[PDB]
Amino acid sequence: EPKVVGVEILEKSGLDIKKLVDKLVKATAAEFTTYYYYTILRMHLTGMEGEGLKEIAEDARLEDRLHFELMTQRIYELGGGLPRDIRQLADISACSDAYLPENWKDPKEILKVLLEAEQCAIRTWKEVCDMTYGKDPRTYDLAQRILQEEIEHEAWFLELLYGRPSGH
């Protein structure tokens, strides 16, 4: 088999690459399911109450799809892969399925689901940062970038649900 120096420099640090890839896959799986589940959640932000909220949920959805594309590349660079079956992907997702709630006509119910998904993502990508910190500059940078946007996403929904200031 071939010498992969991009991997060797990580192994020298004592980094467990199988464990890292496994965490990346679960985190990345959650991004893909988010892209699906946030589609439905955005659709159901209806009425005059929910109208302005759609574009905030839309932004999060599209940015999370790009988080999937971003970290997928890295998984393969490290010698890992995505699950063969899409159902496997759903089952190993780092996060709980962001289902449409029962009383979805109250947009706060939708916002709670979005908020919980984002909070899970924050914990998930923060764990990846802690592992790659001081060992894997490439993975750390990508994971830090993603984490940075999840923090923003949580801040958006916190501002809508509660009266908590954040951004724009």
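Each residue number is its position in the shown sequence, starting from 1.
Checked against the record, the higher mean CA B factor of 32-40 and 49-57 lies with 49-57. Residue-level temperature factors show residue 133 in the highest third of its chain, judged at the C-alpha atom. When the modelled residues of the chain are ordered by their C-alpha B factor, residue 100 lands in the middle third. Residue 152: CA B factor lies in the lowest third for its chain, per the PDB record. Annotation for residue 164: CA B-factor lies in the middle third of the chain's modelled residues.
Looking at the C-alpha B-factors along this chain, the one for residue 80 belongs to the lowest third.
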